[PDB]
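**Student:** what shape does this take:
(chains A, B and C, ligands or ions: 18)
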Amino acid sequence: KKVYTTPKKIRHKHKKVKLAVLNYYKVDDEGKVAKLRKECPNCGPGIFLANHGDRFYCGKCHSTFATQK
Amino acid sequence: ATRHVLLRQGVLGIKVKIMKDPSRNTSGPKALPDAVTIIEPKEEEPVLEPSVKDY
RNA sequence: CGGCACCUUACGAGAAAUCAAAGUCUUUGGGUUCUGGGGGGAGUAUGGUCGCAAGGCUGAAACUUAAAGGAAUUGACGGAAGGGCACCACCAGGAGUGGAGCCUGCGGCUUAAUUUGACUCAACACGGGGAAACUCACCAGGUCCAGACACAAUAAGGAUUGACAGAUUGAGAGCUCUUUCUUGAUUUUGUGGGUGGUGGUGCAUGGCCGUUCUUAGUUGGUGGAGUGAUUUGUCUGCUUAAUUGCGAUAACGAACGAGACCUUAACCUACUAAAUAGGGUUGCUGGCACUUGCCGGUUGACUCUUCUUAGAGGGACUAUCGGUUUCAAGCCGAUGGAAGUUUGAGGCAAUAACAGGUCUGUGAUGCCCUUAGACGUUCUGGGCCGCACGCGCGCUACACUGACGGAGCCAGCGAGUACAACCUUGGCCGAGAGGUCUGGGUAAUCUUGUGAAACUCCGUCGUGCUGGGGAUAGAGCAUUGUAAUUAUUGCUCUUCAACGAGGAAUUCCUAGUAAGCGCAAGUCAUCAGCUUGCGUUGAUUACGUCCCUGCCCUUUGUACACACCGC
Ligand SMILES: [Mg+2]
Ligand SMILES: [Mg+2]
Ligand SMILES: [Mg+2]
Ligand SMILES: [Mg+2]
Ligand SMILES: [Mg+2]
Ligand SMILES: [Mg+2]
Ligand SMILES: [Mg+2]
Ligand SMILES: [Mg+2]
Ligand SMILES: [Mg+2]
Ligand SMILES: [Mg+2]
Ligand SMILES: [Mg+2]
Ligand SMILES: [Mg+2]
Ligand SMILES: [Mg+2]
Ligand SMILES: [Mg+2]
Ligand SMILES: [Mg+2]
Ligand SMILES: [Mg+2]
Ligand SMILES: [Mg+2]
Ligand SMILES: [Zn+2]
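**Tutor:** Numbers count the residues shown, from 1 in each chain, chains lettered A, B, ... in the order given. Ligands and ions are numbered 1, 2, ... in the order given. The coordinates are given below.
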């Protein structure tokens, strides 16, 4: 057979940078809750917006926002 | 009847031919096409007078 | 009585060829001389001796080696000899190929890569291999896990799954690095363990195929010949396509192979049958001559089975007659007969094999390799198609037995869609190609009488590289598909090249054949110069022989047996 080419640069699947008990949401009083950012208009509450410099999206609908918030 | 047989060393090819007897074949001919069996003839007595036998 | 000489059985012998001695030998002893003791080293070394010499007589060992020999048996083979057979041999002829251009295979070169298998017949239009991607194996590049299962590291303060936006990216590949949202224990990180591979090896195998060979060969049971391997049967002759038979015969009767068999191709006014096959009378109905008659068109009626199909049967058995041949097997000629070449054509097709091909048909597979940036997969763009040039199938032509126009106008094999997009008549548009509307057909019904060509008739050019010939070319019009440039193919105009029947060589062929001619399916989205079939037109010359070529036997010889590519 013919020899393999060998440029060098390999690309692996990203490990994702997992993070839980994320700093979204808050509570001040104790009794009631204070939501941070916002929930989805398309789907029901529980899902939360992605916040960037005048650009939003959500993951349950893979990524489908446009309007600011 | 052909049938391959897989073993540790490799394959063994088994083939089997069984020539059924013509008499027990039923479907198709009951005998080979070349064989010509002739029946045995039957004896008769010549002459014994002209004679008659009426009713 | 004497020396220079055959046949059978050997009971005498002998390993056997053979031997009337090579006999009277394990039932061992007539009388004597001489010679030999695995092969080589070696008739050498040395010494003697004999010689003019060359050489002779005489004559070692060291060391080496498992065979060296003999005889025959079967093979294989032989530039041994006889006898067969075959248009893959040749004659007598035809058609050719080889030349020309062009297609297409295969080399060689080229190229990132122009993937690979196979090279006398038995590689080279083969891989059903006419590659636009797919196919695909190759290259440049990217993607993906499709890493089964076992066992631990994270075990939700996330394992890992996803992810629009533009840069990113060939690129509306989240391929990612920009991102900060999702996803919930699938996974995933390891370690056992599989899995896939048009990766390798056909000289590790299966199956299938090809080839010895579709040639005529092959076998065993007794019985005989041999100690035996073996042999005879299985053969002098003549026949036959055939180890086909007749005969002759230590052979007799048998089996396989051939034949028989099967399928198809031919005959049936004899049967059974039909508005899905064809006719007859007659109705209505079109035109004619105009008497009653001629051609029609209509599934209107009635009836038929010749052609049709296709069921059941027969029919050819070399039949009758003549010669010819030990008056056998058969062969040769006339007669009849649809058929007298095994009636034609195939289908199958023995024993033993080949290191023939195929591990790129295969969830046929051994072992090796590989095995998560794969040699797995999958996308994207190419490539198999490149060109100083060799050969191999092929097509097109070198015209007047033609070309071109009109006109005449006749086949058979087939094939063909409902979950797809098949064949596609009929009507309109278009010089064409091709578009459109509509049908008919799941099919003796519709395409389709596939009114296919080559042919036949009347006219135009007349033997000039000409209107022969059509290549390369440029442009546009079409179609298939996602994609047509490295013209896919079709059509339209234009360009008009080589080639005046092809040297040495060599292929194919014996009758509905050869050759010509087209159709046909196969592959197929699209492409035929290919292929398996089909029919149409339809000859020339044998109807023999071993000259060549191959193959087969027989007898011969053999230091060969991995078998002449031998030793
Ligand atoms: Mg690579
Ligand atoms: Mg010796
Ligand atoms: Mg041959
Ligand atoms: Mg090709
Ligand atoms: Mg061919
Ligand atoms: Mg093509
Ligand atoms: Mg495979
Ligand atoms: Mg494999
Ligand atoms: Mg082999
Ligand atoms: Mg080989
Ligand atoms: Mg015997
Ligand atoms: Mg014999
Ligand atoms: Mg006679
Ligand atoms: Mg025949
Ligand atoms: Mg028809
Ligand atoms: Mg010209
Ligand atoms: Mg082809
Ligand atoms: Zn959403």
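**Student:** for residue 45, grab phi and psi.
**Tutor:** Defaulting to chain A. Main-chain dihedrals, residue A:45, degrees, to the nearest 10: phi -60, psi 160.
**Student:** can you tell me the closest non-neighbouring residue to it?
**Tutor:** With CB to CB, 6 or more residues apart in numbering or on different chains as the criterion, residue A:45 has its nearest non-adjacent residue at 4.4 Å, and that residue is residue A:39. To be clear about C-beta, it is placed using only N, CA and C from the backbone, and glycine gets the same treatment.
**Student:** could you give the bridge partners of the one you found?
**Tutor:** Taking DSSP bridges as the rule, residue A:39 bridges to residue A:48.
**Student:** burial check on residue 32, number of neighbours?
**Tutor:** Defaulting to chain A. 7 (other CB atoms under 10 Å in any protein chain shown).
**Student:** was after chain B, sorry
**Tutor:** Around residue B:32 there are 8 other residues, counting by other CB under 10 Å.
**Student:** stretch B:22-37 near RNA strand C at all?
**Tutor:** Yes - using CB under 7 Å from any atom of the strand, stretch B:22-37 reaches RNA strand C at B:32-34.
**Student:** for those residues, give me TSV that also has distance to ligand 18 and secondary structure.
**Tutor:** TSV is the format used below for these (distance: CB to the ion, whole Å; DSSP: H, G, I helix; E, B strand; the rest coil):
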residue	distance to ligand 18	secondary structure
B:32	83	coil
B:33	83	coil
B:34	87	coil
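**Student:** any chance of the residues you listed in JSON lines, plus distance to residue B:43?
**Tutor:** Shown next, in JSON lines, are these (distance: CB to CB, whole Å):
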{"residue": "B:32", "distance to residue B:43": "30"}
{"residue": "B:33", "distance to residue B:43": "32"}
{"residue": "B:34", "distance to residue B:43": "30"}
